[PDB]
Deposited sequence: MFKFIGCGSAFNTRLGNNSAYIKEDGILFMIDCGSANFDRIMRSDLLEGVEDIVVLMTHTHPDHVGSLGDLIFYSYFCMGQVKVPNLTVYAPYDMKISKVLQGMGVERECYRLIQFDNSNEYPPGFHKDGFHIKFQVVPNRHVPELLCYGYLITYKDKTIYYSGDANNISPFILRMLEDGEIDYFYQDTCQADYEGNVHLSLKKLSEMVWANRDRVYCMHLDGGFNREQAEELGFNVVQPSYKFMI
């Protein structure tokens, strides 16, 4: 169901920062807004015809929150009714997203913030359920089970593992689209899931698995040979 504003790892900025979106009925829904991505959005026509923006947060690394404040300010000052919020951030309460934004001078008057512990929701309807994922110990990091147009989508966020319960859902056909942070590098303490490990953990329904957050060394040919899909920025974001 998802298209991508960006799909690279933090240093692979030619693909943009990893961020998926849905645009429908004047609503722009996106997961994360990394440092590189506000400029990509502004150079595209993605915001044309958009009445309301919704941003769902996975964690606050710079390649996931670094330009959210730019987008908040732009939507507040320049979109629709000037100086009225038209962007809603959704985040787990424990992430303390407002404190991160306030550190950059982004105050609550500029956006709407909906926080939750377990789940929440936003003709456009979307639901999401938190899946805490391990990534770095410095930050609380999340993926999500997302329900949209009667499809079930798993979106890992940045993650170096997959819960056995989520794997079982995928194996049993209960996840229609499975977006997974995957990297080529394979090493102890990896903060991302290697392609090798992904191939060891998923045998069934590989055709529903989409590798994202791709590092510069990522071997797309090998990923496809194994039966996985590899995401790329949407054609809107490619020359």
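Checklist entry - Which parts of the deposited sequence have no C-alpha atoms in the model? => result Just one stretch lacks coordinates - namely 123-129.
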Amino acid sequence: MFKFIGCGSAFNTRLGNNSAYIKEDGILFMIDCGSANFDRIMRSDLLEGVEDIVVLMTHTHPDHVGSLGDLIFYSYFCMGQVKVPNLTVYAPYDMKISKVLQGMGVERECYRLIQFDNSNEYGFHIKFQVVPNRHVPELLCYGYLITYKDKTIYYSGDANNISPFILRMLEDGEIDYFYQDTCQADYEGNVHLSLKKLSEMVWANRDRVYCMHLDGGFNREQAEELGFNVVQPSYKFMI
From here on, numbers count along this sequence of modelled residues.
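Checklist entry - On average, which has the higher Cα B-factor in the deposited entry, 94-102 or 164-172? => result Comparing averages over the C-alpha atoms only gives 164-172.
Checklist entry - Comparing 173-181 with 195-203, which stretch shows the greater average C-alpha B-factor in the deposited entry? => result Mean B over CA atoms: larger for 195-203.
Next on the checklist: Highest Cα temperature factor in the entry, among the options 156, 119, 88, 75: which one is it?
Outcome noted: That would be 119, according to the entry.
Checklist entry - What third of its chain, lowest, middle or highest, does the C-alpha temperature factor of residue 141 fall into? => result According to the entry, residue 141 has a C-alpha B-factor in the chain's middle third.
Checklist entry - Is the Cα B-factor recorded for residue 59 in the lowest, middle or highest third of its chain? => result Lowest third - that is where residue 59 ends up once the chain's C-alpha B-factors are sorted.
Checklist entry - What third of the chain, by the recorded C-alpha B-factor, contains residue 126? => result CA B-factor rank for residue 126: middle third.
Item to check | Third of chain Cα B-factors occupied by residue 83 | outcome: Tercile = highest for this residue's CA B-factor.
Next on the checklist: Considering every modelled residue of the chain and its Cα B-factor in the PDB entry, is residue 135 in the lowest, middle or highest third?
Outcome noted: Tercile = lowest for this residue's CA B-factor.
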